[PDB]
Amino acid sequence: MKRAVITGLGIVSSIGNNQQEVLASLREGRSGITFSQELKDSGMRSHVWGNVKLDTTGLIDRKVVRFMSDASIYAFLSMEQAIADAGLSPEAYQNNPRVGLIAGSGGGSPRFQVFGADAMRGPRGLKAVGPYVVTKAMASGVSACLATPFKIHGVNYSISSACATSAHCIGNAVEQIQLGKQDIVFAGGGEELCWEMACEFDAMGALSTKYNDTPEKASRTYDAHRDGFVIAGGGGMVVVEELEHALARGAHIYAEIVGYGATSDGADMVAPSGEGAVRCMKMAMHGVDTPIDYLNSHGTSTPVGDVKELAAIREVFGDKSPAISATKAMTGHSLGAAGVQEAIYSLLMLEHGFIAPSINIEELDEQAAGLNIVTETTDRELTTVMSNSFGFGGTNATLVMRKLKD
């Protein structure tokens, strides 16, 4: 019954430590990919990544950060940004049963997982491991480490679904409002960046390895010469709020979440089926009387993945193909954080009336012909935008965000 709107946002990414820096990188088509000595020293073939250029030292209370892994740190910082940007203060969101938090990561924390095991196998055993590994390594790290410090009393858990993680978190936050269970739910996610996790994707042959010489060119979605995605880290958080509650406090509304699709391929364990994406996007558009002006694709810069989604988009729109661009060409694939970060990039485009350019397309892919793939920053009054997230295991999420009518 209730309607859900976004009244605040926060982000820590490879292209910016806040919405202002991110906004700048987007309009400039700036890349956040750099060379990683860490990735190379570990023995990996991929030597590039989208790291967060930020010294988080002292940004979080000692007693709070002690239980956190990088995924939680990034998300926590993003939640602080979202809270302020939303105009909310402790007395309104803390110790409030009507306020919740749904945020997760794609891989929890392989770094502290490996750290624990390594320390344990040392001569110090349990003493070397320390009593803080559990909250850093568990899959619910991102929600646990934020809900406690921020005095959250409402819902509190993490949803995980690979590349769609933070997208489902947002969707589930919407469901909480529609059900009348919560007035506000902070939704988002975070993902650390480390060789410990990245080597898993490399050994799987999913990471780019032919552009370690030119980092900024590795992520080239839709480019006939693409050879895998560039792994990234970071966080993002949005304030999902019930409409009347937002209007009552004079909140600043970025947009309304008019659509939320969640489906499953039930086909391949690693590659997309397309059939699932089609149903997902259509589910998100069901009921929306306005057309999609911009579509922030999943496009991770992979041979099959890129083309599969485009084929799914054709099936859904046909001759009504909206503007399309893969921001991952700039940011990289932050995995669990991608969902909320990309949703934010879309909100920034909707809020500032512009479309981010799909960079590094030196030679468009034949199977991408007949579509409107924007490769240059173009100014335009967007009204309804769409964001897709398709992760391993055939899990699909689609969000449709539209401006509010005055």
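One rule holds for the numbers: they count along the sequence shown, beginning at 1.
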{"query": "Entry-level comparison of average CA B-factors, 97-105 and 244-252, reporting the higher stretch", "finding": "244-252"}
{"query": "Residue range whose averaged C-alpha B-factor is higher in the record, 111-119 or 284-292", "finding": "284-292"}
{"query": "Peak C-alpha temperature factor (PDB record), options 153, 136, 279, 314", "finding": "314"}
{"query": "Residue, from 168, 217, 181, 328, that the PDB entry assigns the highest Cα B-factor", "finding": "217"}
{"query": "Record-listed C-alpha B factor of residue 190: chain third", "finding": "middle"}
{"query": "For residue 304, the third of its chain into which the C-alpha B factor falls", "finding": "highest"}
{"query": "Third of chain Cα B-factors occupied by residue 339", "finding": "lowest"}
{"query": "Record-listed C-alpha B factor of residue 15: chain third", "finding": "highest"}
{"query": "Residue 321 - Cα temperature factor, lowest/middle/highest third of chain", "finding": "highest"}
